[PDB]
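J.: Here it is, the structure, as structure tokens.
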Amino acid sequence: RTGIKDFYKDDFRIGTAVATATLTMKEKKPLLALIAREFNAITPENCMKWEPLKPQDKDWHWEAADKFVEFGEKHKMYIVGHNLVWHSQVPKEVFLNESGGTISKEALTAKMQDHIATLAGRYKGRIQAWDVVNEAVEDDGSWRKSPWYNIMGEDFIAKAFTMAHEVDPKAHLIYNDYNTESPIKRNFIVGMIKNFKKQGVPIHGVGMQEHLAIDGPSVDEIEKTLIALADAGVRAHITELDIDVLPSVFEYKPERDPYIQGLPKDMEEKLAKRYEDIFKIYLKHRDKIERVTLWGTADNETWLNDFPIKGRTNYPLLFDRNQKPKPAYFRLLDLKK
């Protein structure tokens, strides 16, 4: 019982996000060992996305992704495949023909299916969960006007899952999305999910990205999302969990980056209290959740350091800039003691 994964077995798997640099650099070895000690599930940050894996939709770059999957099997990880079909980080050449004007519905369908057949096929039986479709719902309670939707309709989701289930029938198919605590967006998602599953579409689970803030959203809305998803027939997945502790709502300002010198004790405790309250709800509905994954291991590798404002110093994860366990981490351990 050494890592946080051992404390949370019999409940749900504790995962993290693995960067490409961690796999292709020998000086990032301590990070790899740190992940193997603490987590029992992994998710590729970028190496399995369309553009980084297949730039201009031409030649594949399996190298980075292969080292990821191999690392997972080397430690018996719950390997998650990140993004088969996403609206972002996808080459423009995909949504256009050989002219190239706007591609047709049938031709684009072939591109999506060929991509799935190749990507999911290469790691068939070696990947436990796939992020089939991601962020298909607009935050205003409607369909996202992506090229995927505007051309193939909304049924591109139904086809992506169907194709993936044919390619790798043992993989747990997942629909991922953010802002799932927003009722108007959550209702649209659950409704969409229920409609597809009724039509035979193999949707096994729905992923909550859980890009939460230090203040909100509340644990009540988080709980309601868990209940709504459970009643939808799918399994709950926490996919990209992180806690933004910086003032939000861009241009850099000395006042909106007030923790350059470090994170104060009252902030460390407010963050510890935050993570604790969230996991309290997770443990309450442990039978609904299959996996809880934090988007990164240490604070130095978070995307929130440079987004939405570049140059800031953020503390969203369980480990700090020096790979040391933060009070929030131990706070989560005490829950299972």
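J.: Which of the peptides 138-144, 122-128 is most tightly packed, and how do the rest follow, going by the mean number of other Cβ atoms within 10 Å of each residue?
T.: Result, highest mean first: 122-128, 138-144.
J.: How far apart, in nanometres, would the label points at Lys224 and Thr24 be if each is projected 7 angstrom from Cα along the Cα-to-Cβ direction?
T.: Once both label points are built, they end up 4.4 nm from each other.
J.: Counting other Cβ atoms within 10 Å, keep those with at most 16, restrict to DSSP loop, and tell me which trypsin sites (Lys or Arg not before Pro) in the stretch 1-88 are left.
T.: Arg1, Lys9, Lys58, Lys76
J.: Still on this model: With θ taken as phi - 60° and the coefficients 6.51, -1.76 and 1.60, list the Karplus ³J(HN,Hα) couplings across the stretch 278-287 in order, rounded to whole Hz; mark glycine and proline as x.
T.: 5, 5, 4, 5, 4, 5, 4, 10, 5, 6
J.: Among bridges DSSP assigns within the chain, what percent are antiparallel (round to 5)?
T.: Approximately 10 percent, going by the DSSP bridge assignments.
J.: Based on the mean of other Cβ atoms within 10 Å per residue, sort peptides 83-93, 283-293 so the most packed one is first.
T.: 283-293, 83-93
J.: With labels modelled as points extended 7 Å from the Cα through the Cβ direction, what inter-label distance (nm, one decimal) is found for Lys265 paired with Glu51?
T.: 4.5
J.: May I ask you to evaluate 6.51 cos²θ - 1.76 cosθ + 1.60, the Karplus curve with θ = phi - 60°, for each residue of the stretch 292-299 and list the ³J(HN,Hα) values in order in whole Hz, giving x for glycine and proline?
T.: In residue order, the calculated couplings are 10, 10, 8, 6, x, 9, 10, 5 Hz.
J.: Quote the convex hull volume per residue of the stretch 279-337, based on C-alpha atoms, as a whole number of Å³.
T.: With only Cα atoms used, the stretch 279-337 gives 96 Å³ per residue.
J.: Still on this structure, please answer the following. How long, wide and thick is the chain, going by the Cα atoms along their three principal axes, in whole angstroms, largest first?
T.: Cα spread of the chain along its principal axes, largest to smallest: 58, 44, 44 Å.
J.: Quick one: Karplus J couplings for the stretch 85-99, per residue in order, coefficients 6.51, -1.76, 1.60, θ = phi - 60°, nearest Hz, x for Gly and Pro?
T.: Couplings: 10, 10, 7, 10, 6, 10, x, 5, 4, 5, 8, 9, 6, 8, 8 Hz.
J.: Among all the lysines, which ones have a C-alpha under 24 Å from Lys124's C-alpha, if same-chain residues fewer than 8 places away are not counted?
T.: The reachable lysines, counting only those whose Cα sits under 24 Å from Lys124, are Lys49, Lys54, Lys58, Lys67, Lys74, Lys76, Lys111, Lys159, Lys170, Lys197.
J.: Compute the Cα gyration tensor for the stretch 1-42, then decide on rounded, prolate or oblate, letting a ≥ b ≥ c be the square roots of its eigenvalues: rounded whenever a/c is under 1.5, prolate when a/b is larger than b/c in the other cases, and oblate in all that remain.
T.: oblate
Note that each Cβ is placed from the backbone with ideal geometry, even for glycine, and that neighbours are counted across all protein chains shown. No value in this document is a laboratory result; all are computed from the given coordinates.
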